[PDB]
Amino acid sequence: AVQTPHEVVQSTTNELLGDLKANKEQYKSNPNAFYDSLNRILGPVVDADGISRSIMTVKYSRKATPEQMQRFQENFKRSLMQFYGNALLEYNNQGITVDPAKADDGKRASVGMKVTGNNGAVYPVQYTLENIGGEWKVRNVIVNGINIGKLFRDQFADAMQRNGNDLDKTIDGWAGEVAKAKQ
């Protein structure tokens, strides 16, 4: 579209924030109104199925029905804003720097970011994007040098071990698994 990988990361960042700042109080009392905004804003620029296919291996992702896949994402997205949503809400904080993106191969692309959080500590963030039908979408993020996509992947792997590879037990108990993946 009308958007390079750089414009995608900031214009979504601006979009997300000017909405979180304005509707904070309704989000603090209405997790579904929150969830609906997060989806309306992130969904169009986040490769949902790509993200999920990678957390499950392609091994397991291939033995998953659409119902299960669709159940997984819902469960995933929802524990995410459960355990991280507060931080975004209480982010009237400032200092959003989207680094000028390097060059891309027209298929993959990187975007860096620095965040001056709750004092003056700068935190680094690399976005990995991917081109899906002429559209740049976020596929992974590295936060404080922690590969997020690899973090949740090893959690799915660990759980599936413990659950003798039952997808439904792993998928229906995944919120509690994202809780553990803080630590």
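A residue's number is simply how far along the shown sequence it sits, counting from 1.
- In this entry, the higher average B-factor at the C-alpha atoms falls on 122-130, of the pair 122-130 and 36-44.
- Looking at 18-26 and 158-166 together, the entry lists the larger mean B-factor for 158-166, computed on C-alpha atoms.
- Residues shown: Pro66, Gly50, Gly117, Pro31. Highest C-alpha temperature factor in the entry: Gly117.
- Remark: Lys102 belongs to the highest third of its chain, ranked by C-alpha B-factor as recorded.
- Among the modelled residues of its chain, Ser110 has a C-alpha B-factor that falls in the middle third, as given in the PDB entry.
- Among the modelled residues of the chain, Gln82 sits in the middle third by CA temperature factor in this PDB entry.
- In the PDB entry, a CA B factor belonging to the middle third of its chain's modelled residues is recorded for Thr57.
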